[PDB]
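The form deposited in one PDB entry is given below as one chain in structure tokens.
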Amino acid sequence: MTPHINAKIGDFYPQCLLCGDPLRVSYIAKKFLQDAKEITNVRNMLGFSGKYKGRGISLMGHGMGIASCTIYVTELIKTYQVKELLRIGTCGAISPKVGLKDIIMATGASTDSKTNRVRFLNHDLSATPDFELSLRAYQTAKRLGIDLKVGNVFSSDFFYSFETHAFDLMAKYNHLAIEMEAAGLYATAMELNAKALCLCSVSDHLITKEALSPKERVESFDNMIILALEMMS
């Protein structure tokens, strides 16, 4: 129906888990869902619908960066009637308050993008998640025994930053890590009256240069997948 999704209307459940990497979306479908069906594959951006503990859930890839994420989120809401969007992904830590394998709930997404100024009268849009979803993540993490870290992230247009000298200042202002999509998800969900939240897993520390190995990346990401699926039950 859209240039970027070839699902039929109704193929998506009203709650959708989002991730930048469509191969990880496929991995979640195979490992954690029952009866999962591939519903879209335009540009190799895979999405699925299946069941977790008897509950229907959808999964959709969104690519990297605010511009890509905004395209998919816009279409999910406007065309596919998605109401609740839970994004997961990795991030690079910049604060001493977090370490490798930590899960962060982004109560705000700062950015170096111009997109929110374009959307919002050239002023400062404070891009934020839906509070009910934030409460649900916090409650579910308490239930599962997960030490959820809570603060802002910085959504950058740059993976290869030209402003590494500014990381300490961002950490001072309660930015725990850097990723590339949260501000676009939040602003699009705000634009279109939908509920959204971003969780992210610390795979790399940008201050120490320490990184997880491939094997511990998969293990730690699984912990955040389970948090997300449990919160959608």
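Throughout, we count residues from 1 along the sequence that is shown. Residues that one form lacks are left out of the comparison. Here the rigid core means the biggest group of C-alpha atoms that line up within 1.5 Å when the two forms are laid on top of each other.
A second form of this protein, the form deposited in another entry, is not displayed here; the remarks below concern that form.
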item	value
Core superposition between the shown form and the other one, C-alpha change of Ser220 at least 2 Å	yes
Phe159 and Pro214, C-alpha gap in the other entry relative to this structure (3 Å or more)	closer
Core-superposed comparison between the shown form and the other one, runs of at least 3 residues with CA shifts of 2 Å or more	211-220
